[PDB]
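K.L.:
Quick one: the structure is below, questions incoming.
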Amino acid sequence: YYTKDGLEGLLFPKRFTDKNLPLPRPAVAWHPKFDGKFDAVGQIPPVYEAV
Amino acid sequence: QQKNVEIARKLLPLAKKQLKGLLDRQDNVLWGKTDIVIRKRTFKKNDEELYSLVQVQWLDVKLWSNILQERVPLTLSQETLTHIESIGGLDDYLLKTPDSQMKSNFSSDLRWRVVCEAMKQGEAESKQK
Amino acid sequence: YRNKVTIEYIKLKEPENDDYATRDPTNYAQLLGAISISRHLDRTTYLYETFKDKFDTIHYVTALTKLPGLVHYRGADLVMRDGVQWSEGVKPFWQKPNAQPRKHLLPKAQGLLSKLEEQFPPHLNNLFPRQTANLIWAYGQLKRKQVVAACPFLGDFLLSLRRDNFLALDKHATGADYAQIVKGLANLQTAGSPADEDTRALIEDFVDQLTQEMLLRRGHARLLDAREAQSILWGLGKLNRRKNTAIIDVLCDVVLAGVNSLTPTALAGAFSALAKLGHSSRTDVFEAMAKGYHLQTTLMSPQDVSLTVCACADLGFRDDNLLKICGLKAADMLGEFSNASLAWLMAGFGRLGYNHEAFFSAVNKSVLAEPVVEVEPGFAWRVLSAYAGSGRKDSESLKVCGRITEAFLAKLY
Amino acid sequence: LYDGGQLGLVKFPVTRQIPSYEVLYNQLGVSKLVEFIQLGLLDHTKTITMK
Amino acid sequence: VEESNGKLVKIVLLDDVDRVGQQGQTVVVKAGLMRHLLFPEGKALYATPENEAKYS
Amino acid sequence: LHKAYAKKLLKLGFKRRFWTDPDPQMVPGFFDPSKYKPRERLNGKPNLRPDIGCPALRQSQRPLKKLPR
Amino acid sequence: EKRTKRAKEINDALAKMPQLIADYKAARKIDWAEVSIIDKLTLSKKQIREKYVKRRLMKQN
RNA sequence: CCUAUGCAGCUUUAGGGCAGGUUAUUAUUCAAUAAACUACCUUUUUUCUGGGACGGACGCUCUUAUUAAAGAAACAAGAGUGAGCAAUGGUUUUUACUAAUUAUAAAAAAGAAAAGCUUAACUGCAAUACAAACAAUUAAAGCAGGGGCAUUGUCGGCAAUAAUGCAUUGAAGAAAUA
Ligand SMILES: [K+]
Ligand SMILES: [Mg+2]
Ligand SMILES: [Mg+2]
Ligand SMILES: [Mg+2]
Ligand SMILES: [Mg+2]
């Protein structure tokens, strides 16, 4: 689950670091009306793992 | 301001004449809080609009002025009379308001008379005390 | 009633205060209001021609004090800020050096003022300290702009205040009066043509007596705020009143207390004023002013950048954070700086011994891009000094200096 | 487009159903995701994100 | 008096009145009564914040 | 729709895919409180006025009416 | 809560349905113990059905 | 004289409006609302037609002449209709019966009447054809569910050919969202 501001940070992180701006913060939770649509709240810098 | 002019140009030809006559009386009365109101009519069965003017009810009263020790005839609307009573009377209304807000020759002349008289009496009283 | 009707009542809102734009005044108060709120010289000239005989002392004073505001500068000498609106001490534009008035407004202002000066003399003995201060301030503005060359009534205004050991001020003095008197006199002695020798002596003598007897001895500085105190400091600096430092310390204390209210255009003035007076022992005062540039970086103009750097070099006050702000701002405004102005700015950095990578890198790139460079002797040595003092090395500054030398040798007057 | 007065096109009923908001998403097929990985344009040894 | 539309006003009494009240009492009276009799005669003043502090 | 009528619509630029348009406010995480508007009922009445109506539903243009005076 | 109430109402109605069906069928059957037309030996069975069924239904209504 | 995307003036108990006066109600010390009377403003007042007016007509069925395929017009001709039925619908049994409709050579494993039980005058779909500018209109094998009468057949209303009205707007029952 990403918000409008969060999606920008995910896609173009350099657009914030080049201007020395902090990255957008992630959302706290989604509205209950969307239960069954999302599994986790996205983190603006994703945590990569091995596969 | 732009909207006000746009509305005025949509008035009926006879309502425009009445509007000009109302405005020409500004210098002869104590304008005070008098405002202009426009009547608009709409209908359910057609897309037609009629614009007309709402008249102002003028009242002739005699208010007491302690500085001048006189009952001054005045032409007022109800809203202006209510404001004057609330603020503390004619003397307080004229001494608590700048010349810019009066927007009337009759009001300005009356205010100037009161201000000059108040200073003369105050100066004499201050010297006495 | 087959066709149902709905009725709406619309009220036409109007401004609370009347602008005396079209109606003719018919009273003592109305005439004063129309003159004060006049928008154009044609309106003021019309009022004087029609209601000439219905004038009093107050009416003449008001007309003179408002005339400077009706004279507008050329649009080519003004640069508009992005989104800035009129406010307390902030304008939507900044002025280029030595701005000129509009071509078609000078003859109107000169003609109108001549008529006013003719009828004023009879009213000279009915003026108050407030009225005298405003007249002095107005004339100083009218001299900075190319309207007048001297104040005919300067001798009378100064005498009126000086009489009876400043008795008039002792009862009717406020913070504004001192700010306007000193600021007005400074602009009457430096702006435009330099001065007359007798005029300079009288003005400087009066200012020294006024400052010591009123502001210092009687403690009237308690009536001054940060802005008024800053204005006095600027006036003293232009008059080179370096002998008395007691008042300077008092004024600096007032500025320190109300530092938050000053804008970047006011902080730069304080730096320059202190630099001209040579007062460099107030390090604490300098530190407080430097802290005011952190948040108001959007209200800085090339004039503020140039004044701040030059003042710091003269004062010897080196703040890394403040210098960093000036360098970064200047790097983007290189197109606004003149060739002479940009040479002084570079020299200022060299004297301080600060090497700003972005600032010098931008300058070198611009110079190299220029195919034909023509550097004048007046500032050729300044740019060379800045590179040498700033420690710029063979990377690309030797090429820039090489072109500088070649251009200078190309003329060798 | 005028038909002479019959006005046959406006003799049909009107529907007001709202389509799902998910028609605003970008659609990615699983078969297309694999093709990129096989060609070498995607790293399948670590977590794949929308970035 | 707020919704009286000017018909009712707050009055501060400077001298004892037969029916309105006593000196120093703040009461509500008809607008016409104050306009014509109480105010011009000099027996009362309008209940402004300044008058209330000074007299009431 | 009949072939003759369908080609005219396509020739004019008709390309609608759904009965109505999607609502961007319904996408999770993209709700703007400022741009809030209660859902309205679509109007099914064609504008058949021959003076200011649709040119495709009238044979020729008619003169406008007089304003009240 | 609304769904639970609606389900409860339907369940109650279906429970009473068998009795309603029995009354529906019974009300339209001829009771030959109350027929005097046969004693008259004048009308046919169809005419007897209409005469007595209609009276019973109207009285119940 | 007739024909127009016609124009203008005039009239009225043709439609709508209130914007002057009068009148009615209400409110403040020259005001607000109006199914009324006068004045004023704005809008409407089909087509077919052996020229136009006057008269008549405008949907949907049957029949006559233009032969024995279908189709085919005129202000040609001769007759119907804007419904009815809780059985006059569905389905079994019996037999000294074989009619009637606005009109008509329908029909014997068919109908009508008599006797009994019933609600298929259903829910969700449908190959393929008749017709037809289009919109709509007509016939229909077959599949799944729940039923009726029979006991393995039929029933998705009525011998057949007329008993009708797009979209919009409004209203009701239920359900899903927000
Ligand atoms: K003929
Ligand atoms: Mg015709
Ligand atoms: Mg078809
Ligand atoms: Mg069966
Ligand atoms: Mg059947």
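Any read-out appearing in this document is the output of simple, stated calculations on the displayed coordinates, not a laboratory observation. As a convention, Cβ positions derive from the backbone with ideal geometry for all residues, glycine included, and neighbour counts pool all protein chains shown.
K.L.:
Could you tell me which residue of segment G:46-61 is farthest from RNA strand H (Cβ to nearest atom), considering only residues that are in a helix (DSSP H, G or I), exposed (fewer than 10 other Cβ atoms within 10 Å of the Cβ) and of a type outside the set (A, V, I, L, M)? First the steps, then the outcome.
P.N.:
Step one: of segment G:46-61, the residues in a helix (DSSP H, G or I) are G:46-60.
Remaining after also requiring exposed (fewer than 10 other Cβ atoms within 10 Å of the Cβ): G:46, G:58-60.
Next, from what is left, pick out any that are of a type outside the set (A, V, I, L, M): G:46, G:59-60.
Working: G:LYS46: 4, G:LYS59: 16, G:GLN60: 14 Å.
Only one residue fits best here, namely G:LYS59.
K.L.:
Moving on to the next point. Scan segment F:1-35 for residues that are surrounded by fewer than 10 Cβ atoms within 10 Å (Cβ to Cβ) and within 11 Å of RNA strand H (Cβ to nearest atom) and jot them down.
P.N.:
F:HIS2, F:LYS3, F:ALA4
K.L.:
Now a separate question. Report, ordered by the first and then the second residue, all pairs with beta carbons closer than 6 Å, sequence separation of six or more or different chains, a first member in segment F:56-69 that is more than 19 Å from D:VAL10 (Cα to Cα) and without any contact (Cβ under 8 Å) to a residue 40 or more places away in the chain, and a second member that is of a type outside the set (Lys, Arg) and more than 6 Å from RNA strand H (Cβ to nearest atom).
P.N.:
F:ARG62/F:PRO50; F:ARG62/F:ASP51; F:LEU64/F:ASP51; F:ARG69/B:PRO13
K.L.:
Looking at segment D:1-14, I want the residues that are without any contact (Cβ under 8 Å) to a residue 40 or more places away in the chain and have a partner that is within 6 Å of RNA strand H (Cβ to nearest atom) and part of a loop (DSSP other than H, G, I, E, B) with Cβ atoms under 7 Å, at least 6 apart or on another chain. Which pairs are those?
P.N.:
D:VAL14/F:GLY44
K.L.:
Could I ask something else about it? Do you know which of the residues in segment G:32-44 that are within 12 Å of RNA strand H (Cβ to nearest atom) and surrounded by fewer than 11 Cβ atoms within 10 Å (Cβ to Cβ) is farthest from the other protein chains (Cβ to nearest Cβ)?
P.N.:
Among those that are within 12 Å of RNA strand H (Cβ to nearest atom) and surrounded by fewer than 11 Cβ atoms within 10 Å (Cβ to Cβ), it is G:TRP32.
K.L.:
Quick one: in segment E:31-56, which of the residues that are basic (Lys, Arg) and surrounded by 13 or more Cβ atoms within 10 Å (Cβ to Cβ) is farthest from the other protein chains (Cβ to nearest Cβ)? Before you say what the answer is, go through the steps one by one.
P.N.:
The first filter runs over segment E:31-56 and keeps only residues basic (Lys, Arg), leaving E:35, E:43, E:54.
Restricting the remaining residues to those that are surrounded by 13 or more Cβ atoms within 10 Å (Cβ to Cβ) gives E:35, E:43.
Values: E:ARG35: 7, E:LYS43: 12 Å.
Here the answer is E:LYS43.
K.L.:
Then there is this: For E:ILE11, which of the numbered conditions (1) in contact with a helix residue (DSSP H, G or I) (Cβ under 6 Å, 6 or more places away or on another chain); (2) away from RNA strand H (no atom under 16 Å from the Cβ); (3) more than 10 Å from chain B (Cβ to nearest Cβ) fails to hold?
P.N.:
Every condition holds for E:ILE11 apart from (2).
K.L.:
Something else: Looking at segment E:39-56 only, could you name the residues that are within 17 Å of B:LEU81 (Cα to Cα) and part of a helix (DSSP H, G or I)?
P.N.:
E:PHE39, E:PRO40
K.L.:
Being assigned to a helix (DSSP H, G or I) and closer than 21 Å to C:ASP18 by Cα is the filter here; which residues of segment B:7-32 pass it?
P.N.:
B:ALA8, B:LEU19, B:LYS20, B:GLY21, B:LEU22, B:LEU23, B:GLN26, B:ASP27, B:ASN28
K.L.:
Looking at segment D:16-39, which of the residues that are within 30 Å of F:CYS54 (Cα to Cα) and surrounded by 10 or more Cβ atoms within 10 Å (Cβ to Cβ) is nearest to RNA strand H (Cβ to nearest atom)?
P.N.:
Of the residues in segment D:16-39, the ones within 30 Å of F:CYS54 (Cα to Cα) are D:16-19.
Restricting the remaining residues to those that are surrounded by 10 or more Cβ atoms within 10 Å (Cβ to Cβ) gives D:18-19.
Details: D:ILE18: 9, D:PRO19: 13 Å.
Ranking the candidates gives D:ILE18 first.
K.L.:
Please go through segment C:43-96 and pick out each residue that is more than 18 Å from C:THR26 (Cα to Cα) and of a type in the set (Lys, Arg).
P.N.:
Correct list: C:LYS66, C:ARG74, C:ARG81, C:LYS91, C:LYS96.
K.L.:
Can we say B:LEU81 is closer than 30 Å to F:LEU64 by Cα, crowded, with 16+ Cβ neighbours inside 10 Å and within 8 Å of RNA strand H (Cβ to nearest atom)?
P.N.:
Working: closer than 30 Å to F:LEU64 by Cα: no; crowded, with 16+ Cβ neighbours inside 10 Å: yes; within 8 Å of RNA strand H (Cβ to nearest atom): yes.
So B:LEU81 fails the test.
K.L.:
Answer yes or no: is there a residue in segment G:1-22 that is away from RNA strand H (no atom under 11 Å from the Cβ) and outside any helix (DSSP H, G or I).
P.N.:
Among the residues of segment G:1-22, at least one is away from RNA strand H (no atom under 11 Å from the Cβ) and outside any helix (DSSP H, G or I), which makes the answer yes.
K.L.:
Can you give me the ranges of the helices (runs of 4 or more DSSP H) entirely in segment C:1-91 with at least 2 residues that are at the interface with chain B (Cβ under 10 Å from one of its Cβ atoms)?
P.N.:
By residue number, C:28-36.
K.L.:
Can you tell me which of B:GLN1, B:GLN26, B:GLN55 is surrounded by 14 or more Cβ atoms within 10 Å (Cβ to Cβ) and more than 8 Å from chain C (Cβ to nearest Cβ)?
P.N.:
The match here is B:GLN26.
K.L.:
Still on this structure, please answer the following. Looking for something over 28 Å from C:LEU342 (Cα atoms), among the β-branched types (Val, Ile, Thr) and not in a helix (DSSP H, G or I) - is there at least one such residue anywhere in segment C:228-242?
P.N.:
No, segment C:228-242 contains no residue that is over 28 Å from C:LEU342 (Cα atoms), among the β-branched types (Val, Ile, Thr) and not in a helix (DSSP H, G or I).
K.L.:
Give just the number: which of (1) within 12 Å of RNA strand H (Cβ to nearest atom); (2) surrounded by 14 or more Cβ atoms within 10 Å (Cβ to Cβ); (3) more than 20 Å from the chain's Cα centre (by Cα); (4) more than 8 Å from every other protein chain (Cβ to nearest Cβ) does B:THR42 not satisfy?
P.N.:
Evaluating B:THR42 over (1) within 12 Å of RNA strand H (Cβ to nearest atom); (2) surrounded by 14 or more Cβ atoms within 10 Å (Cβ to Cβ); (3) more than 20 Å from the chain's Cα centre (by Cα); (4) more than 8 Å from every other protein chain (Cβ to nearest Cβ) leaves (4) as the failure.
K.L.:
Looking only at helices (runs of 4 or more DSSP H) that lie completely in segment B:69-129, which have at least 2 residues being in contact (Cβ under 8 Å) with a residue 40 or more places away in the chain, within 14 Å of chain E (Cβ to nearest Cβ) and farther than 25 Å from C:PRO15 by Cβ?
P.N.:
none
K.L.:
Taking segment D:10-51, which residues are at the interface with another protein chain (Cβ under 7 Å from one of its Cβ atoms) and either in contact with a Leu (Cβ under 8 Å, 6 or more places away or on another chain) or not in a loop (DSSP other than H, G, I, E, B) (or both)?
P.N.:
Start the filter on segment D:10-51 by keeping residues that are at the interface with another protein chain (Cβ under 7 Å from one of its Cβ atoms), which leaves D:10, D:14-19, D:21, D:23-24, D:44-47, D:49-51.
D:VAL10, D:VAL14, D:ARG16, D:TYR21, D:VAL23, D:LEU24, D:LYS46, D:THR49, D:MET50, D:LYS51, listed by residue number.
K.L.:
Given the conditions (1) surrounded by 11 or more Cβ atoms within 10 Å (Cβ to Cβ); (2) in a loop (DSSP other than H, G, I, E, B); (3) without any contact (Cβ under 8 Å) to a residue 12 or more places away in the chain, and given that A:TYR2 satisfies all but one, which numbered condition is not satisfied?
P.N.:
(3)
K.L.:
Which of the residues spanning segment B:58-68 are within 11 Å of chain E (Cβ to nearest Cβ) and either assigned to a strand (DSSP E or B) or near RNA strand H (Cβ under 9 Å from one of its atoms) (or both)?
P.N.:
In the first step, residues of segment B:58-68 are kept if they are within 11 Å of chain E (Cβ to nearest Cβ); the result is B:59, B:61-66.
Within segment B:58-68, B:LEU59, B:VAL61, B:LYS62, B:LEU63, B:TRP64, B:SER65 meet the criteria.
K.L.:
Please identify the pairs in which a residue from segment G:41-61 that is within 18 Å of G:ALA26 (Cβ to Cβ) has its Cβ atom under 6 Å from the Cβ atom of a residue that is assigned to a helix (DSSP H, G or I), counting only partners at least 6 apart or on another chain.
P.N.:
Note: pairs meeting the criteria are G:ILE48/G:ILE37.
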